[PDB]
């Protein structure tokens, strides 16, 4: 295996773009939504926990997520990236770039939860939770889906983190919840997330090829379909579009297309944006800062609709051989369930530990 420099370049810029989604994307997104008295604190918890996620990733996270192991977790053979030679290639890029790319995804996922709960959760409790849930939920699920684990070895399609990122975080966010002051800033964070999101979606191809290209366009497309789906729905229900309505729409589409971008046709992308846009709207019409209402609802949707629109018939890249659409759909449904239930338990364990240790508070 030899590293292609074009792929190195692409994937290093993609990692930067995903890094950009957390710092400052998600921070500015929540920063404009939450009460003003809470913004600095929230900004601090996103920053400190990003730092944290970065460190646990390098120390053992990556090895556990992407080390060869069982169906559920990797190994502790790549502790602080050792026995990864500098010139070790994975795919068509240096493994170090995989390490950095994959860590940036862990980061935005944690950032999605931490920003939602920075208000109500006590700092030390968030840190405890983050450590628990990254280790026992993000990493194992990462392994199961992208790391050769249970779900991958069963044929699950999730190009860019419909389960790993979105459903996973949405359920974490809900268990927590269970247990807008600056719209310009909200828009900026949305804009930065959207731009950074191409690093995540396109870079999930691991190379600058026809598939990254496909992921890219499907992302422009489904983000736009969703925006208009939301906006029209909002104009139907509420009489007029709103800025927050437009930004939520975009996220609904970005979320919905996340599992699907690498597998579907643009026709399929557009239909996905549309449906995710409206389901997002319906979702928030029926949970901290609507974490689930958009990420949970839309993630489930994207994941299901991937096992439809991958069909070569519907302009998709085609299912694996011997895989009927019906089998793929069951496998999607299974992946979703396994993610919902797994992130749930772990979330509950995280929040409970934090609570029995420092208390969820705040004081």
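Positions refer to the first chain, counted from 1.
A.B. asks: Could you bin the unmodelled part of the deposited chain lying between residue 179 and residue 180 as none, 1 to 3, 4 to 9, or 10 or more?
C.D. replies: Unresolved stretch here: 10 or more residues.
A.B. asks: What size is the break between residue 80 and residue 81 in terms of deposited sequence residues left without coordinates: none, 1 to 3, 4 to 9, or 10 or more?
C.D. replies: Missing in between: none.
A.B. asks: Quick one: say whether 63-71 or 290-298 has the higher mean Cα B-factor in the deposited entry.
C.D. replies: Mean B over CA atoms: larger for 290-298.
A.B. asks: Out of 220-228 and 104-112, which one has CA B-factors that are higher on average in the deposited record?
C.D. replies: Comparing averages over the C-alpha atoms only gives 104-112.
A.B. asks: Just to confirm, going by the entry's C-alpha B-factors, which of 91, 233, 283, 273 comes out highest?
C.D. replies: Most elevated C-alpha B-factor of the set, per the entry: 283.
A.B. asks: If you check the C-alpha B-factor for each of 23, 341, 16, 349 in the entry, which is highest?
C.D. replies: Answer for 23, 341, 16, 349: 23, with the highest C-alpha B-factor.
A.B. asks: How does residue 47 rank on Cα B-factor within its chain, lowest, middle or highest third?
C.D. replies: According to the entry, residue 47 has a C-alpha B-factor in the chain's lowest third.
A.B. asks: Tell me, lowest, middle or highest third: where does the Cα B factor of residue 259 rank within its chain?
C.D. replies: Residue 259: CA B-factor falls in the lowest third of its chain.
A.B. asks: Relative to the other modelled residues in the chain, which third contains the C-alpha temperature factor of residue 98: lowest, middle or highest?
C.D. replies: Ranked within chain, residue 98 CA B lands in the middle tercile.
A.B. asks: By its CA B factor, does residue 319 count among the lowest, middle or highest third of the modelled residues in the chain?
C.D. replies: Lowest third.
A.B. asks: For residue 58, return the chain-relative third of its C-alpha B-factor as stated in the PDB record: lowest, middle or highest.
C.D. replies: Tercile = highest for this residue's CA B-factor.
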